[PDB]
């Protein structure tokens, strides 16, 4: 299932304990793309289906390849869309622990959104995973205004976008194993560090 709108569709009277907001890569389908579904099923296994809400960044985020060249690595409209989702999560489910992630253009989108977010909401994101982070070199492997201990970057050797380029090479399409294992492992660990059991 490449489309998940658990936060938008979810009942505020029965909020999940964990809300995961994910931005897909360039030209990918639905709002989860290629890696999102793998991360989602593993999160569901850990917290249960009613324990976690999976929400992809859709709407105005069209994941247009050309937008990788814009100043922030994505469009202003897309940043507005993701910011809106974090805000919706914060108002709809005040007590939920948030987690985020993004691949390729979506990783730049996640970094830009998190950087602009009001600190009170940003501080609720227990962990963020970034694959093929297009702003990896420029941001020195960090997300501005966000702690390094809550951030995990997956940048393959040979994935040119991780070294300051916008060229798409084979390693950029090889994050499958990370999405199936270490990425969700990191997210679950970070949620448990603050929520306990």
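Residue numbers count along the first chain shown, from 1.
Student: Between 23-31 and 165-173, which has the larger average Cα B-factor in the PDB entry?
Tutor: Averaging CA B-factors over each stretch, the winner is 165-173.
Student: Taking the recorded C-alpha temperature factors, which stretch has the higher mean, 119-127 or 103-111?
Tutor: Comparing 119-127 with 103-111, the higher average CA B-factor belongs to 119-127.
Student: Which one of 158, 56, 51, 132 shows the top CA temperature factor in the record?
Tutor: Highest CA B-factor of the listed options: 51.
Student: In terms of the CA temperature factor given in the entry, to which third of its chain does residue 44 belong: lowest, middle or highest?
Tutor: Answer is highest: the recorded C-alpha B-factor places it there.
Student: Would you please rank residue 152 by its C-alpha temperature factor against the other modelled residues of its chain and give the third it falls in: lowest, middle or highest?
Tutor: Residue 152: CA B-factor falls in the middle third of its chain.
Student: Compared with the other modelled residues in the chain, in which third is the CA B-factor of residue 187?
Tutor: Tercile = lowest for this residue's CA B-factor.
Student: Place residue 98 in the lowest, middle or highest third of its chain's C-alpha B-factors, as listed in the PDB entry.
Tutor: It falls in the bottom third of the chain.
Student: Residue 75: which third of its chain by C-alpha temperature factor?
Tutor: Middle third by C-alpha B-factor.
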